[PDB]
Every structure is written in C-alpha cells, then in structure tokens.
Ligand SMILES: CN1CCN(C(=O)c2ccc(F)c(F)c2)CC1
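Next up: just one chain, as structure tokens, the form deposited without the named molecule.
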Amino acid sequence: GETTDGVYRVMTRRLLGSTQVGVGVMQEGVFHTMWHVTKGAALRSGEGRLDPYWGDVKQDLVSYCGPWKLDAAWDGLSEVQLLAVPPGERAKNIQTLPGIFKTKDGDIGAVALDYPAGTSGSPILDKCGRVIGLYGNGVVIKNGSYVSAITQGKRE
C-alpha cells in the first residue's frame, strides 16, 4: 500500500460519511498511533493491510507491522512543534513551549493546545524534526481547556 514516512489520517466509514478518528506516524515501515484511536483493530492502506504488532492501554499506544520505532525525547527546555492534523483541515505546525505533568512515577512533557478529538495521534517534534511523542491523551484543567501529555513509546 503506502509505507512512505510521514503523518497520516486514520479514517472510518462505519459512522455517517467518512470520519477522521485519529492520526498516526509512519516511520521505518512501522505505523504508530494512540490505542484509543484504533482500539487495536487492523488498518487498511489501499489494497495493503496493517496488523497490530505491539500495544498497551495504560500507555495508550499501538504500533503496526513492527515494534515501536520512535525514541526521541523532549529535552525539558526547548520549544517543540505540534504537527496538528485536524479533521477536514490541512496539516499545520504549531510551536509551543511544553508544560509538565507531574506524576507519582515522574514528570512528562505536556502540550496545552486544544483540537478536535480526531486530531489524537498527531506528532510532537523537536528542532531536528524527530518525533518526541504523540498528542491526544490528557486532561481538562480548572480553566476548562485541554492539556495533552507528550506520550512517547519505548524502542526495544
């Protein structure tokens, strides 16, 4: 099918019309997305088929055709770009300085940009163009606005 590196929209014809349920990254022949986007189900790419290979509900991640390939990390200091791919709208880079999700298991970067739910799985980048995580799993703060984590997998 289409295994070119890049950002992709995850679509479904199961609801009314064609609906964008999420977004994923294709890197080294491995498609990467959030678990709540696909629920682990198989994906189509033209005539080709992508079957899940690794997944974890707590991490809210899943990889197709191979192990998780993305291992770059936010340095805790620099600005990053959210390559937001919203439903029915063009891919657009948005630069921000991440906040912090302080947990009992440690700190995680967090991007405070709000987008439709079908934007989940849009990659967050460093100044070199490396995917430091996926956008789309977070919280709704005192203000009522959305703060997503910078969710990164593990390269075995």
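In this text, residue numbers run from 1 along the sequence as written.
Task: 41-49 set against 58-66, stretch whose average Cα temperature factor tops the other in the entry - done: Stretch with the higher mean C-alpha B-factor: 41-49.
- [ ] Averaging the C-alpha B factors as listed in the entry, name the stretch that ends up higher: 18-26 or 136-144.
- [x] According to the entry, 136-144 carries the higher average C-alpha B-factor.
Open item on the list: Going by the CA temperature factor in the PDB record, which third of the chain does residue 106 belong to: lowest, middle or highest?
Closed with: Highest third of the chain for residue 106's C-alpha B-factor.
- [ ] Could you say whether, by C-alpha temperature factor, residue 80 belongs to the lowest, middle or highest third of its chain?
- [x] Tercile = middle for this residue's CA B-factor.
Open item on the list: Please say which third, lowest, middle or highest, residue 32 falls into when its CA temperature factor is compared across its chain.
Closed with: Lowest third.
Task: Relative C-alpha B-factor of residue 113, binned into the chain's lowest, middle or highest third - done: As the PDB entry reports it, the C-alpha B-factor of residue 113 lands in the highest third of its chain.
Task: Within-chain third of residue 131 by Cα B-factor, per the entry - done: Residue 131: CA B-factor falls in the lowest third of its chain.
Another form, the form deposited with the named molecule bound, is not on view; read the next lines as being about it.
Open item on the list: So the ligand isn't in this model. With the named molecule brought over in the deposited bound form through superposition of the site C-alphas, is the pocket blocked (at least 3 atoms within 2.4 Å of backbone or C-beta) or open?
Closed with: By the 2.4 Å criterion, blocked.
Open item on the list: Between 99, 48, 29, 67, only one gets a heavy atom within 4.5 angstroms of the named molecule in the deposited bound form; which residue is that?
Closed with: Spelling it out, the residue with a heavy atom inside the cut-off is 67.
- [ ] Go through 54-79 residue by residue and record those having a heavy atom within 4.5 Å of the named molecule in the deposited bound form; state none if no residue qualifies.
- [x] Heavy-atom contacts to the named molecule in the deposited bound form: 54, 59, 63, 67, 68.
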